[PDB]
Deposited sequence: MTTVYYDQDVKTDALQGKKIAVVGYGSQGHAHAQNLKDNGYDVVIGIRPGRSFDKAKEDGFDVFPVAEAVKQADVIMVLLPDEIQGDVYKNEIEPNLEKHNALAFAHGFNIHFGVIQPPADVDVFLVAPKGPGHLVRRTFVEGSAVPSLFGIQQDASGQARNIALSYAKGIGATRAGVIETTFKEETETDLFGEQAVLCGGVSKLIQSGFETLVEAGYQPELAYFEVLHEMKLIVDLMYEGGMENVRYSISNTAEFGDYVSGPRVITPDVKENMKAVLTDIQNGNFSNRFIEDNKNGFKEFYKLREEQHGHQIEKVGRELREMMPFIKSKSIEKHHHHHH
């Protein structure tokens, strides 16, 4: 466990260099504005559109992506994972230089070999956490060509404010596989069908879908907020003895040990690469499987019940 804080970072390896934040999403605006706030020459390279325009109205200098990397000394690629492959080949790699940084916030395209950087460029990762009211961030290194890849990555995490709560060192493999697993097994995929199958149980049992919507979904924010502030022991403390007791004896009944075996099964396909190439080759086929799965989820009763409760009268 190596944790670097603001006082741990001593030199300013980032000053004197120009920064190219590729893309202007929620994280692109967060990185780009946090650097100019600390007196850094930050540039933004994105395609023309509504986020191109928005970056202009926020006082930023927006350019095509092929010129922004020509201009800068550190390129932070914050584009969607599915489009980073071809944007790197047609707009970033032909305009690369020597001894300067190819940064990322997620190591999907790097760890899975989709983006192969040359030897004479530093390739690091800096992944902010939580608000992106400070949560420790992560950072890692794939290549060290300039001899200052560590101090460039750590001073960049300091520039975006990621070192205020401390940055934890990791690898491109560890950040990619733990991020992908949490989304699939717990946070997104795991919880959503956990809420769906609970909602379907109550509705099929003759209970009102509105009362079922509160008990399996809307009431979770309070439980999750308690866990976010004081951990799981805070939830067990704040909830009633009847609720805490039911947690203990019925939790393992729902999440049987076989569910844990399913989590290790999906983690295996994240490590070998079965998930990555499946998500990529479906993207090359117009996202047919992806879009069909997205649209079919809207046919669930729980989503319609939710919007009807939100459009109250």
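- Not built in the structure, per the record, are deposited positions 1, 134-143, 325-340.
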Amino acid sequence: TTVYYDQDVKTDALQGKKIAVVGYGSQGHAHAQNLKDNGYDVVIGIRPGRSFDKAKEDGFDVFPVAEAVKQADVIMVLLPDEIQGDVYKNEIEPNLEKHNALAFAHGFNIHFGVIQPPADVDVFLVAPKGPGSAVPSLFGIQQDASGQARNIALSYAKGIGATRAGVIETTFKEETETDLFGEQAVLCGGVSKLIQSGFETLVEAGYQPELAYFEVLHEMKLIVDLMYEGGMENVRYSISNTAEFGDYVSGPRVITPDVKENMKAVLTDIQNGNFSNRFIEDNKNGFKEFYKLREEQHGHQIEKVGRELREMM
From here on, numbers count along this sequence of modelled residues.
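- Just going by the entry, 242-250 versus 40-48 on mean CA temperature factor gives the higher value to 40-48.
- According to the PDB record, 164-172 carries the higher mean C-alpha B-factor of the two stretches 200-208 and 164-172.
- The PDB entry gives the largest Cα B-factor of the residues 93, 179, 219, 82 to 93.
- Out of 229, 73, 183, 233, it is 73 whose C-alpha atom has the highest B-factor in the PDB entry.
- When all modelled residues of the chain are sorted by CA temperature factor, residue 103 is found within the middle third.
- Ranked by Cα temperature factor within the chain, residue 190 sits in the lowest third according to the deposited record.
- Residue 12 sits in the highest third of its chain by CA B factor, as recorded in the PDB entry.
- Annotation for residue 223: CA B-factor lies in the lowest third of the chain's modelled residues.
- Per-chain ranking of the deposited C-alpha B factor places residue 21 in the middle third.
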